[PDB]
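Shown next, in structure tokens, is the structure this report addresses.
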Amino acid sequence: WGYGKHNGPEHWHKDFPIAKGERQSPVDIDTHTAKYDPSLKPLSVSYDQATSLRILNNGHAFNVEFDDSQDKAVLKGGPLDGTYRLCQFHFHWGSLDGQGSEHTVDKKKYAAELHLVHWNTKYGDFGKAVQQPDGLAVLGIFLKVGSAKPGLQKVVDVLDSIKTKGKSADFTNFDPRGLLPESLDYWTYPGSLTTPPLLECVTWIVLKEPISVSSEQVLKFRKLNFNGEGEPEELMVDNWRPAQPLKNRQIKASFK
Ligand SMILES: [Zn+2]
């Protein structure tokens, strides 16, 4: 599977038939049909103790991986009834600034989208968690182009070293607090992973406020490769799945 004409999102259902299921992600957030829920609690993001390990080009994005052996980087509160440990974060982006996000807002696309991926500590480990409808919580954050995000620069600065599929670099001492906007206002709905295996295991929490990144910062994403070293160059752009049908799920918001 991939993001090409012959292996892209419109093909995934042939190997992963849940691609046409009832709680697929991403979705468009229609701000008129999304429901303000005053009962929605503030989100608790506790990343003070977050321990980054490595950054790697897995052939469809880059992932920063964390030590999730303890409650060092946990998401709780908001719509969640449990505690969720950060395993990895990655982004999706476009071939130009006008597209790249997975979620949309009133069908508007952003230049990129950051996903911080967390698993439910009821379930022992990540691989057990994804078998459960409440196994993961993904915090999604839109990227728009403007001022530079200082907290992203260490990520931008290492990407030249992981250009091709299978490359990795040590990536210690990275603090993901540097990737958060000021507000934790959010939309939330039940959904899925946005890549195969497309499991319907995710509580999605999508922040209202985008982070601003510079032109130069998002451009660096577009120099990565889907291919391995020595193989014909396939630039890693447009690694986003389009919005999928909401199918009567309720998107709730912490604001009107
Ligand atoms: Zn993602």
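Note that the numbering runs from 1 along the sequence shown for the chain.
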Item to complete: Could you tell me the separation between the NZ atom of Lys5 and the CG atom of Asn7, rounded to the nearest 0.5 Å?
Response: 11.5 Å

Worksheet item: Can you check whether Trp240 and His103 have ring centres sitting under 6.0 Å from each other?
Response: no

Discussion item. Can you see whether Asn225 engages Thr164 through a side-chain donor-acceptor pair at a distance of less than 3.5 angstrom?
Written reply: no

Discussion item. Using a strict threshold of under 4.0 Å (side-chain N to carboxylate O), is an ion pair present between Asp97 and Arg222?
Written reply: yes

Worksheet item: Below 4.0 angstrom, N of the basic side chain to O of the carboxylate: do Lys72 and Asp48 qualify?
Response: no

Fill in: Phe221 ring center near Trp93 ring center (under 6.0 Å)
yes

Discussion item. Run the ring pair (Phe, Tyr, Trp, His ring centres under 6.0 Å) test on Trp187 and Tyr36 for me, step by step, so that the C-alpha distance in whole Å, both residues' side-chain angles and the decisive distance to 0.1 Å come before the verdict.
Written reply: CA-CA 9 Å; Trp187 293 278; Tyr36 167 60; over 10 Å; no

Discussion item. If the condition is salt bridge (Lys or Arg N to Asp or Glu O under 4.0 Å), which residues does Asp185 pass it with, not counting sequence neighbours?
Written reply: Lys208

Item to complete: List for me each residue that meets salt bridge (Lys or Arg N to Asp or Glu O under 4.0 Å) alongside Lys108, sequence neighbours excluded, and say none if there are none.
Response: none

Worksheet entry | Test item: side-chain donor near acceptor, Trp119 and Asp125, under 3.5 Å | no

Item to complete: State plainly whether the residues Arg241 and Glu102 are in salt-bridge range, i.e. N to O under 4.0 Å.
Response: no

Worksheet item: Is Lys154 positioned over the aromatic face of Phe171, cation under 6.0 angstrom from the ring centre and no more than 45 degrees off axis?
Response: yes

